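Colleague: Got a structure here, written out as structure tokens. Questions coming.
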Amino acid sequence: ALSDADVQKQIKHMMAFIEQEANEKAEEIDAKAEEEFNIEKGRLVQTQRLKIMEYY
Amino acid sequence: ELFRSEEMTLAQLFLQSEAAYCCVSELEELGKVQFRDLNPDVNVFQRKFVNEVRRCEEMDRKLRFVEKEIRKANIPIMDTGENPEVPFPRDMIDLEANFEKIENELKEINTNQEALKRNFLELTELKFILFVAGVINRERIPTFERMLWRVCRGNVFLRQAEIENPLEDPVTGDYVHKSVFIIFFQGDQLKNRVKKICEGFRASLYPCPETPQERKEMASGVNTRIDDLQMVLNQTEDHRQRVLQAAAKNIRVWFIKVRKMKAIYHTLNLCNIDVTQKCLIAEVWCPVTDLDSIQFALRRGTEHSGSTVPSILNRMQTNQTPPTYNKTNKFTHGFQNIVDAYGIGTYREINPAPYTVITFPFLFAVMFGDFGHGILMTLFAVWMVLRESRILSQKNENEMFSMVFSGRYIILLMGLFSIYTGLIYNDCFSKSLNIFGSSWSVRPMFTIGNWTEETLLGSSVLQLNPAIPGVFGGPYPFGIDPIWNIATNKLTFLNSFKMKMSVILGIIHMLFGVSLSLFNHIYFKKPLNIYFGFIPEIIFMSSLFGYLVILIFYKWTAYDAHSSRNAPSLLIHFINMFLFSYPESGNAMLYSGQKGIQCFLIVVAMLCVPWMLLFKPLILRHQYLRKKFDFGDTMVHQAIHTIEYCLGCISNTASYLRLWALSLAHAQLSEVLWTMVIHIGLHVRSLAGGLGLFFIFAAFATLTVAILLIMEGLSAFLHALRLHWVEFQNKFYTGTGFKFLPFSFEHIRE
């Protein structure tokens with residue numbers, strides 16, 4: 001009672017499902033990358049900034 | 001237009017996991033689709049329902065434990081509610097554990113209660129206490145005392161103590177007055193000795209009595225603690241009772257909830273797990289008829305779920321042999337089952353059941369054509385139907401009653417037709433039904449026909465009533481004239497009818513069964529099965545066996561008593577027909593030109609054999625070489641069909657002599673069982689006759705049921721069914737299929 005086009009629509013739906021997850025996952029990955037970036041940077045700058053000051 | 005199996009369609013359904021829980025739930029309750037296991041090498045662990053099944057099993061064991069305790073408590077749990085809710089939330093997992101905690105509490109209650117009982121069982125003894133006398137069940141105080149005497153006889157004084165209106169003994173839970181003769185010693189070696197002796201005996205030596213009132217004060221204190229204990233027991237029991245009633249209310253709901261969730265989990269394991277998507281796709285076969293119903297069901301299921309996945313059934317063309325689905329109802333289901341008992345029909349095979357509904361009761365009624373017993377049989381079926389609601393809504397552990405109940409609508413017809421045939425047979429416990437229409441002969445005219453004072457010689461003779469005396473004749477309006485039920489030669493008149501009738505009916509049913517095959521061969525577009533099969537097959541059977549039937553009717557209307565001497569013999573002409581035996585004399589012919597007809601029909605029947613024997617394999621071989629086919633094997637298959645068909649036709653026609661054999665036997669048992677049992681209950685003495693008939697009748701009714709209503713009905717039941725299985729169905733109802741087992745909410749009565 002329902003066409004092959006609506007099955008196709010369901011396929012398109014699951015594709016949309018996939019794209020949404022794809023987007024969420026990439027965003028999660030980039031956000032953690034930025035967090036690791038900032039964490040390592042802060043550690044390094046604090047370490048050396050302190051040593052320079054101490055020397056002076 | 002014949003009834004056939006329903007169409008189902010195999011599809012691949014792709015359901016998102018969350019949606020999948022909802023969909024399986026809804027579709028399982030809807031019940032019109034069947035899933036296949038796509039990964040037979042994969043276990044439940046592999047399907048990932050192992051946690052689901054183990055959880056269900058734990059809940060099940062807990063439920064069964066509680067249920068048992070509930071039954072022990074005689075709680076009136078109904079389990080008649082909750083049927084349509086089918087919850088399937090994930091939260092149930094934790095709630096089931098909470099159910100277990102409830103049950104765990106009862107064990108603890110029982111644990112404390114028994115412990116409490118033992119102290120109670122013990123403490124009562126102190127009240128009876130308030131030399132150390134014991135308390136015994138008094139069953140063996142005779143030997144208790146004598147055996148203690150002999151430890152050192154007469155060494156210490158006997159202490160006599162008795163308890164009236166006692167409590168139940170803790171070991172036996174039995175209340176019984178105590179009458180105990182005790183030996184108590186001051187010496188340590190002997191006290192130790194008697195301790196050993198009295199303890200070996202079933203005796204309780206719990207207290208150590210003392211003269212000082214301090215011990216009495218102690219007992220008073222214990223008595224107080226004992227009353228407190230009783231009050232605690234009363235509290236523990238009240239909680240126990242409250243919790244158990246609460247469990248009966250929850251447990252009726254949970255039985256279903258858990259049973260259903262588990263079933264859902266089973267199906268979920270009954271799936272193929274995809275890799276690219278967290279979605280399961282399955283091959284599911286569902287009736288085309290229900291295709292809209294299922295699509296709407298998919299919509300409802302997935303609509304409840306938040307993911308709103310389309311949940312589309314993906315229709316596909318699968319060679320995979322579909323299951324055989326026959327829609328039945330409360331009446332026809334039983335008839336379908338007696339067919340299925342022999343086998344599942346080929347997909348789109350002609351269903352014999354729509355015709356069995358009448359055909360089988362009819363053939364039974366022929367075997368069991370007994371007016372009186374048909375009533376008894378009908379009333380039994382009526383009882384079961386009138387109690388149908390009460391029989392369903394109860395437990396029926398007796399499989400014998402369940403069987404006849406399941407067939408109760410089959411039996412109903414069996415009785416109704418048995419009444420019809422019994423009336424025509426005009427036999428109700430060997431008694432005919434005289435409607436004052438019996439005009440077979442006019443006895444007054446018998447005397448006119450040169451029989452003057454024949455009753456003088458009659459004192460030693462019977463004398464057979466002549467045919468065509470000019471004063472006798474005329475058929476009975478309905479059934480056999482009652483006069484034959486009192487004849488000494490009924491054993492030829494009536495037996496002749498049943499033999500000839502059995503042949504007539506059997507052959508007609510055989511011809512019908514063959515006719516049905518034409519519709520099936522046309523449906524499957526097998527021209528060869530009708531051009532080389534049906535046509536020569538139906539001619540074969542008609543030319544030999546239908547001819548016989550015609551001649552039987554012919555004689556009945558062609559020859560009268562005027563030609564009874566040297567009257568044609570139907571069996572002899574039939575045999576001589578096949579053998580082309582045409583003697584000049586010794587047998588009268590039925591009609592002029594019969595010889596030519598007899599020869600013609602046999603030749604044609606033999607000429608029919610090549611058609612069915614060799615034309616199909618030969619033409620198929622031709623088509624192979626023309627189009628460009630296992631020719632040898634095809635010849636084997638067709639030859640077997642031809643050989644079995646022709647030889648079976650001969651045997652099958654004779655087989656229907658079952659109708660005669662069973663009908664004859666029943667009539668003979670009825671006549672003798674009547675004559676040698678109930679007749680004996682009658683006597684010329686008035687009161688003695690009545691009192692005797694009372695007891696004799698009861699025995700008569702007993703034998704009629706034990707021998708005829710049950711056993712002969714039972715044998716005729718099977719034999720009529722066999723006729724369908726062997727001779728009728730094998731003409732058209734061929735091949736095998738699979739039983740259709742869709743998702744269904746079967747466990748409703750449980």
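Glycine gets a Cβ as well: all are built from the backbone with ideal geometry, and neighbour counts include every protein chain shown. Bear in mind that the values in this text are calculations on the coordinates, not laboratory data.
Colleague: Would you mind finding the one in B:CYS208, B:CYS198 that is in a helix (DSSP H, G or I) and more than 60 Å from the chain's Cα centre (by Cα)?
Modeller: Matching residue, one of B:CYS208, B:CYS198: B:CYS198.
Colleague: Among B:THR359, B:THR276, which is the only one that is in a helix (DSSP H, G or I) and among the β-branched types (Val, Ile, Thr)?
Modeller: The match here is B:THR359.
Colleague: If I filter the stretch B:67-78 for residues that are among the small types (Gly, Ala, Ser) and within 14 Å of another protein chain (Cβ to nearest Cβ), do I get at least one hit?
Modeller: Checked the stretch B:67-78: no residue is among the small types (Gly, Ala, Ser) and within 14 Å of another protein chain (Cβ to nearest Cβ).
Colleague: Test A:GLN8 against the criterion of being assigned to a helix (DSSP H, G or I), more than 10 Å from chain B (Cβ to nearest Cβ) and closer than 24 Å to B:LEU298 by Cα, and give yes or no.
Modeller: No.
Colleague: Determine whether the stretch B:35-45 contains at least one residue that is touching a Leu at 6+ places or on another chain (Cβ under 6 Å) and either at negative phi or of a type outside the set (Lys, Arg) (or both).
Modeller: The answer is yes, given that some residue of the stretch B:35-45 is touching a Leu at 6+ places or on another chain (Cβ under 6 Å) and either at negative phi or of a type outside the set (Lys, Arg) (or both).
Colleague: Among the residues of the stretch A:32-48, is any aromatic (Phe, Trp, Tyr), within 11 Å of another protein chain (Cβ to nearest Cβ) and not in a loop (DSSP other than H, G, I, E, B)?
Modeller: no
Colleague: Here's another thing I want to ask about it. Before we move on, is A:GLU27 acidic (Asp, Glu), assigned to a helix (DSSP H, G or I) and either within 14 Å of chain B (Cβ to nearest Cβ) or farther than 28 Å from B:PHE14 by Cβ (or both)?
Modeller: Considered against the rule, which asks whether it is acidic (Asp, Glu), assigned to a helix (DSSP H, G or I) and either within 14 Å of chain B (Cβ to nearest Cβ) or farther than 28 Å from B:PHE14 by Cβ (or both), A:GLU27 comes out as no.
Colleague: Still on this structure, I have one more. With respect to A:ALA16, is the statement that it is more than 25 Å from the chain's Cα centre (by Cα), within 14 Å of another protein chain (Cβ to nearest Cβ) and not aromatic (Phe, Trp, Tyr) true?
Modeller: Spelling it out, it is not the case that A:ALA16 is more than 25 Å from the chain's Cα centre (by Cα), within 14 Å of another protein chain (Cβ to nearest Cβ) and not aromatic (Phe, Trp, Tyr).
Colleague: Right, here's the next one. Quick one: in the stretch B:289-310, which of the residues that are of a type in the set (S, T, N, Q) and within 11 Å of another protein chain (Cβ to nearest Cβ) is nearest to B:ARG4 (Cα to Cα)?
Modeller: The extreme case among them is B:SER293.
Colleague: Here are the criteria: (1) within 24 Å of B:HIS266 (Cβ to Cβ); (2) surrounded by 13 or more Cβ atoms within 10 Å (Cβ to Cβ); (3) not aliphatic (A, V, I, L, M). Tell me which single one B:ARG140 does not satisfy.
Modeller: Unmet condition: (1).
Colleague: If a residue must be within 14 Å of chain A (Cβ to nearest Cβ) and over 30 Å from the mean Cα position of the chain (by Cα), how many such residues does the stretch B:259-288 contain?
Modeller: Within the stretch B:259-288, residues that are within 14 Å of chain A (Cβ to nearest Cβ) and over 30 Å from the mean Cα position of the chain (by Cα) number 9.
Colleague: Now, a different point. Kindly indicate which of B:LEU10, B:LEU15 is within 14 Å of chain A (Cβ to nearest Cβ), of a type outside the set (D, E, K, R) and either touching a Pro at 6+ places or on another chain (Cβ under 6 Å) or surrounded by 18 or more Cβ atoms within 10 Å (Cβ to Cβ) (or both).
Modeller: Within the list B:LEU10, B:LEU15, the selection yields B:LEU15.
Colleague: Inspect all residues belonging to the stretch B:394-401 and state whether any of them is loosely packed, with under 14 Cβ neighbours inside 10 Å, of a type in the set (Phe, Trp, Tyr) and more than 21 Å from B:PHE497 (Cβ to Cβ).
Modeller: yes
Colleague: Additional query: Inspect the stretch B:124-134 for any residue being loosely packed, with under 14 Cβ neighbours inside 10 Å and within 15 Å of B:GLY200 (Cα to Cα) and give the result as yes or no.
Modeller: Within the stretch B:124-134 (the criterion being loosely packed, with under 14 Cβ neighbours inside 10 Å and within 15 Å of B:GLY200 (Cα to Cα)), the answer is no, since none of the residues qualifies.
Colleague: Taking the options B:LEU691, B:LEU662, B:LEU682, name whichever one is under 29 Å from the mean Cα position of the chain (by Cα) and of a type in the set (A, V, I, L, M, F, W, C).
Modeller: B:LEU662
Colleague: Going residue by residue through the stretch B:311-320, is there one that turns out to be within 30 Å of B:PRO87 (Cα to Cα), within 14 Å of chain A (Cβ to nearest Cβ), in a loop (DSSP other than H, G, I, E, B) and touching a strand residue (DSSP E or B) at 6+ places or on another chain (Cβ under 9 Å)?
Modeller: yes
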